[PDB]
Amino acid sequence: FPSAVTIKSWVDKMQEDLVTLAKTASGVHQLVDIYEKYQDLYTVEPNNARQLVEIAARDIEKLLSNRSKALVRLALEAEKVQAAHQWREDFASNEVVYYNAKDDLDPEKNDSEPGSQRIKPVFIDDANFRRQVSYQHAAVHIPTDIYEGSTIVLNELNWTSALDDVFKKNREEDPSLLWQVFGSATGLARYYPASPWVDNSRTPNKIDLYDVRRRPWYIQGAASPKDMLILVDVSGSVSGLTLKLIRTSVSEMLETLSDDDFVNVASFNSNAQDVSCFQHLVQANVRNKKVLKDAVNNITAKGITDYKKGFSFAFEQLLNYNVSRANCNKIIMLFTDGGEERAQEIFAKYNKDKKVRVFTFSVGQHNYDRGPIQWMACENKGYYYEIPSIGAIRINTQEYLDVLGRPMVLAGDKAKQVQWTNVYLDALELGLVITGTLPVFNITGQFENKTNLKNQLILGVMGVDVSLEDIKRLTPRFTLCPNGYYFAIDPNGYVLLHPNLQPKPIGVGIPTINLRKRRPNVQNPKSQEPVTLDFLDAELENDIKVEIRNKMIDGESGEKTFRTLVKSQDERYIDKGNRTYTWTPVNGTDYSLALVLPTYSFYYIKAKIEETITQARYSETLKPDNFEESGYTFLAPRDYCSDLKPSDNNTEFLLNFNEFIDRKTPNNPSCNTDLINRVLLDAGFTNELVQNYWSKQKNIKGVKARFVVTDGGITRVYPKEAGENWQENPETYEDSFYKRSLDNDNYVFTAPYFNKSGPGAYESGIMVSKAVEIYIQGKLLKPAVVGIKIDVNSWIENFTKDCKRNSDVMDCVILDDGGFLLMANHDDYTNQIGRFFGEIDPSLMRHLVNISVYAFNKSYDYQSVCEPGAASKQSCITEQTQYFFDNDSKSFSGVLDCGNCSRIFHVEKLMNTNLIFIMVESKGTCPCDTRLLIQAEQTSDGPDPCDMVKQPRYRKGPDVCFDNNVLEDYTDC
Amino acid sequence: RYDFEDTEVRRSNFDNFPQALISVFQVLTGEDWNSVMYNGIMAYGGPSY
Ligand SMILES: *[C@@H]1O[C@H](CO)[C@@H](O[C@@H]2O[C@H](CO)[C@@H](O)[C@H](O[C@@H]3O[C@H](CO)[C@@H](O)[C@H](O)[C@H]3NC(C)=O)[C@H]2NC(C)=O)[C@H](O)[C@H]1NC(C)=O
Ligand SMILES: *[C@@H]1O[C@H](CO)[C@@H](O[C@@H]2O[C@H](CO)[C@@H](O[C@@H]3O[C@H](CO)[C@@H](O)[C@H](O)[C@@H]3O)[C@H](O)[C@H]2NC(C)=O)[C@H](O)[C@H]1NC(C)=O
Ligand SMILES: *[C@@H]1O[C@H](CO)[C@@H](O[C@@H]2O[C@H](CO)[C@@H](O[C@@H]3O[C@H](CO)[C@@H](O)[C@H](O)[C@@H]3O)[C@H](O)[C@H]2NC(C)=O)[C@H](O)[C@H]1NC(C)=O
Ligand SMILES: *[C@@H]1O[C@H](CO)[C@@H](O[C@@H]2O[C@H](CO)[C@@H](O)[C@H](O)[C@H]2NC(C)=O)[C@H](O)[C@H]1NC(C)=O
Ligand SMILES: *[C@@H]1O[C@H](CO)[C@@H](O[C@@H]2O[C@H](CO)[C@@H](O)[C@H](O)[C@H]2NC(C)=O)[C@H](O)[C@H]1NC(C)=O
Ligand SMILES: *[C@@H]1O[C@H](CO)[C@@H](O)[C@H](O)[C@H]1NC(C)=O
Ligand SMILES: *[C@@H]1O[C@H](CO)[C@@H](O)[C@H](O)[C@H]1NC(C)=O
Ligand SMILES: *[C@@H]1O[C@H](CO)[C@@H](O)[C@H](O)[C@H]1NC(C)=O
Ligand SMILES: [Ca+2]
Ligand SMILES: [Ca+2]
């Protein structure tokens with residue numbers, strides 16, 4: 001085994017060889033030279049990240065105040081309009097004309113139900129809606145089990161028809177506005193503009209079971225947040241059909257709950273235990289509810305019935321005050337069949353003043369006495385609900401919000417506050433969106449205070465979407481580098497706006513569906529959960545980020561600079577990036593907005609080119625017939641002008657881009673000058689490289705392909721044969737290697753993938769990249785990332801000439817940080833190239849981490865898909881490992897032993913690059929396995945919830961809670 | 001005991017005296033007696049020892 005100085009001297013002649021090959025062939029110092037040679041085609045402006053945040057915080061203020069004004073007027077009209085409605089019952093005499101969504105639009109149908117008359121609308125196709133729509137009226141959604149033509153429903157479509165004039169007045173004023181909808185108390189919803197619903201009832205074989213009342217946006221503006229506590233009778237009598245019904249009501253009751261709502265679930269049969277692991281009221285987020293809905297299911301019923309230990313346990317649960325709580329409506333609901341005891345004594349003290357509200361549910365078909373339960377409900381200002389059937393569950397476990405809304409409708413105007421929802425997928429397929437809601441109240445005869453019998457309910461709730469693609473147009477990231485971004489946050493820790501946030505729903509648990517019990521054609525529910533990713537789950541968690549995260553939940557302003565490690569774009573690397581954060585509150589709302597920058601991004605380039613010939617000359621550089629002397633040029637699909645659209649077929653896009661500058665001068669009076677201009681300047685900078693430097697050295701021996709991925713989207717792979725293999729995203733702010741090249745001050749090597757499809761190994765090769773780094777007036781800039789795809793065959797020859805091509809004595813390999821295998825001596829390893837090195841000899845890799853040579857961090861990706869397990873895709877959690885050098889020390893000697901054998905490995909790290917060289921004795925001499933240490937998205941179901949909630953994340957609830965008005969009717973059950 | 005977790009209704013049981021009287025009379029006329037017996041058998045696990 002060679003000495004430590006021989007490995008030292010032999011690494012230094014093959015890290016000097018790779019870097020000279022990459023410093024020379026790519027042209028780092030040449031592209032630095034021509035950015036500095038000009039100085040005057042551009043100027044260098046600063047990103048004032050105090051100022052940028054303040055500017056952004058105000059476009060989201062004004063956007064969400066403009067939405068709010070529209071909401072207020074609609075509400076006023078609805079209140080005024082229905083106070084002048086007459087309650088007619090002759091509807092076959094005077095037809096109600098409306099367009100009904102989810103109905104066949106074929107003219108020849110003509111069903112013509114009594115009372116109603118439909119509309120055939122004309123349906124232009126649209127952008128900002130990715131569906132055909134009509135701007136002349138509002139559609140109407142009736143849920144499926146609700147009959148339309150009922151006097152109760154027919155009378156909504158009469159009075160609600162005056163909203164189409166106010167609907168129209170909102171979009172005339174603001175073209176950008178998205179869905180406008182009124183969700184009725186009656187269960188009928190009207191939205192503008194009209195479009196056909198996505199599931200028709202019976203024209204396909206999937207049938208929608210969508211109810212407006214059920215909806216989260218409808219619920220948050222229906223009522224105030226609430227600490228509930230589900231109390232269930234588990235005595236022997238319940239077992240049977242009735243027990244079956246309860247498990248489906250509680251799961252149903254929960255659907256109703258929200259993040260702001262706290263909830264626990266207890267259960268009694270002569271003792272009250274608590275159904276799961278929790279013991280206090282927990283946040284009823286997606287996870288906690290998933291635990292409770294998984295413990296409600298396994299319940300078995302036996303024993304007697306004591307309504308006294310069940311309500312003692314409930315009240316005690318209600319009084320914890322140590323835990324984090326909603327502290328608003330306090331209510332307890334019991335599911336039971338029949339009661340012989342009213343438990344008068346427990347209610348006298350625990351709730352002598354009736355602070356708590358009790359709702360009693362009688363379920364199943366049975367003969368047990370319901371008088372005592374009704375009495376309990378009446379005594380406590382709750383309500384009573386029967387459920388005999390499965391189809392009766394859905395409208396009675398949502399109906400309690402008519403009771404809880406009462407002291408809000410007695411609060412008057414004070415209760416008309418806009419609230420904005422958690423991001424969620426739109427019913428109509430719009431994408432991620434948030435809705436601002438306002439409740440409409442039933443005011444009839446207010447002038448004189450004549451009735452009030454049913455004047456304590458809301459007419460319904462009114463909402464208006466903001467799409468998250470609308471907010472991302474108020475937070476522009478182009479001036480800032482790929483590293484910089486804006487993050488938005490609730491007072492709940494959830495992230496409103498984040499690079500990491502994705503359309504797929506956030507998943508819980510490992511998905512298990514039983515194929516042996518899905519009959520083929522019945523169509524179960526798909527999903528309704530909100531997409532609540534948290535800030536400490538969108539990014540790698542620190543302790544110096546939980547400080548930042550708490551500090552901008554409680555509405556403060558500030559900046560912070562620290563060293564933290566960024567997870568890479570692809571999930572394979574972790575790079576220590578020195579960042580600066582800066583946050584401020586959006587003053588109209590409860591969102592607070594932040595901005596990450598990396599020091600060195602504090603300055604950007606603005607293009608200062610305006611000459612006729614210079615913008616002209618740089619623009620034919622990106623012509624696809626002129627790639628024989630330029631290099632297969634790419635171009636990023638920014639929204640350059642409003643007219644040319646991002647196309648995802650890039651040769652399509654670059655023609656429509658470059659047609660645009662010929663057919664019209666780049667002045668373009670409805671199109672931003674700087675973004676297009678910067679691109680033009682850039683293409684004259686990645687031209688002078690490809691003309692005056694790369695086309696001189698037309699073939700370097702080991703060099704396969706040469707790229708300049710730059711800022712302005714223009715990536716230039718140098719031979720067109722090589723550009724067929726360029727499998728990157730052509731958007732330069734989505735490339736992984738672009739972003740890892742900017743963090744590092746040394747050449748970076750990217751490992752090719754293992755297996756997969758497409759040619760990514762011998763054909764393209766392993767790639768090196770390096771950020772260009774210029775200084776203008778003593779101000780650091782990193783404009784571009786040069787690079788090289790390496791030839792893996794040639795590199796091997798230099799490497800071979802104490803390791804032989806076929807050596808049994810000892811094997812040596814080169815590994816980039818992250819532990820991936822790039823170059824291998826054996827030839828059974830270099831076939832499996834770009835593979836995680838702990839999968840080809842897991843014994844050595846395990847030891848290396850122990851020596852402190854390597855470090856890692858497992859994280860959770862709450863938005864990913866996986867195949868089900870037997871117990872096409874669902875959402876699930878994956879755990880993800882990344883590996884990264886944590887020790888700066890250059891060399892590491894030692895020996896590892898498996899038991900009865902030693903192997904002496906020597907590790908040396910090449911200077912000036914992330915690569916590491918290790919020499920070790922052949923694996924075959926000691927037959928050892930430990931277990932195969934693998935690095936992949938690995939399906940898992942963590943972290944366990946029962947341990948998170950003992951020390952929950954900081955949170956801030958709603959300031960205004962409406963409950964317990966003294967003059968509430970409290971007489972109807 | 002006719003407390004099976006199904007939504008099927010079994011009107012002929014022995015839950016109280018009047019109902020039990022009717023069921024006995026029914027088994028006596030022989031009308032649907034086998035159906036009544038099946039319920040009773042299922043109330044003890046099924047067709048086992
Ligand atoms: C493997 O090792 C070889 C030899 O060191 C290395 O070589 C290429 O080697 C030749 C041998 O002299 C170099 O001349 C050649 O470099 C160029 O010519 C002169 C030499 O001083 C200088 O201008 C630069 O070194 C460089 N510039 C040129 C010619 O444009 C050198 N480069 C190539 C690729 O031909 C291989 O690169 C090593 N294997 C790799 C690529 O890792
Ligand atoms: C709910 O439906 C009813 C029934 O269609 C609507 O009432 C109708 O309202 C219109 C305009 O308010 C009435 O038109 C007027 O008719 C009189 C003659 O009757 C004429 O003098 C007026 O110049 C005008 O043309 C219509 O007659 C009336 N129908 C009845 C039976 O009274 C009502 O408007 C609908 N509500 C909403 C909010 O849309
Ligand atoms: C808003 O509140 C008002 C009352 O404050 C509600 O109006 C009431 O609606 C009921 C519906 O059951 C009407 O009662 C019906 O009366 C007819 C006679 O026309 C009778 O045939 C029916 O059997 C039933 O009793 C009642 O007339 C009406 N009250 C008033 C004062 O107009 C209204 O329904 C609420 N708004 C919404 C959208 O529900
Ligand atoms: C958000 O609103 C706050 C006030 O509630 C603004 O703070 C003010 O800032 C101005 C100068 O910008 C000062 O003159 C005032 O004294 C500040 N307010 C108070 C009460 O001291 C803040 O500038 C706003 N920020 C944004 C982004 O809109
Ligand atoms: C992420 O990895 C880093 C390794 O660089 C971890 O940081 C070290 O954590 C240990 C305890 O696990 C401390 O003793 C060291 O002082 C830390 N070193 C540095 C440089 O921070 C970090 O804990 C990991 N994060 C997680 C969540 O495991
Ligand atoms: C808000 O409304 C005003 C007035 O219609 C308009 O000028 C402005 O552009 C709107 N802002 C946003 C972000 O929609
Ligand atoms: C982080 O900050 C220190 C001190 O300002 C600086 O020396 C270092 O270069 C920064 N980190 C990186 C990766 O540049
Ligand atoms: C290093 O390995 C030793 C022996 O296997 C072990 O006791 C120790 O925990 C390891 N160090 C770390 C950091 O895990
Ligand atoms: Ca009972
Ligand atoms: Ca018969």
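Side chains are part of it too, since the values below use all heavy atoms of this structure and drop only hydrogens, waters and symmetry mates. Throughout, protein chains are lettered first and strands after them, A, B, ... in sequence-line order, and every chain is numbered starting at 1.
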Item to complete: Could you walk me through whether A/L243 and B/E5 pass side chain to side chain contact (heavy atoms under 4.5 Å, CB included), step by step?
Response: CA-CA 7 Å; A/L243 191 264; B/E5 293 216 350; 3.2 Å; yes

Discussion item. For A/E386, is the CD atom crowded, meaning more than 12 foreign heavy atoms sit under 6.0 Å from it?
Written reply: yes

Practice prompt. Decide if atom CD1 of A/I390 counts as having more than 12 heavy atoms of other residues, nucleotides or ligands within a radius under 6.0 Å.
Written response: no

Worksheet item: Taking everything shown except A/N367 itself, do over 12 heavy atoms lie less than 6.0 Å from its CG?
Response: no

Worksheet item: Is the number of heavy atoms from other residues, nucleotides or ligands under 6.0 Å of B/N34 CG greater than 12?
Response: yes

Item to complete: Can you see which heavy atom on A/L241 is nearest to which on B/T7, and at what distance?
Response: CD2-CG2, 3.9 Å

Practice prompt. Working to the nearest 0.5 Å, report the span between OG1 of A/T242 and CG of B/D3.
Written response: 10.0 Å

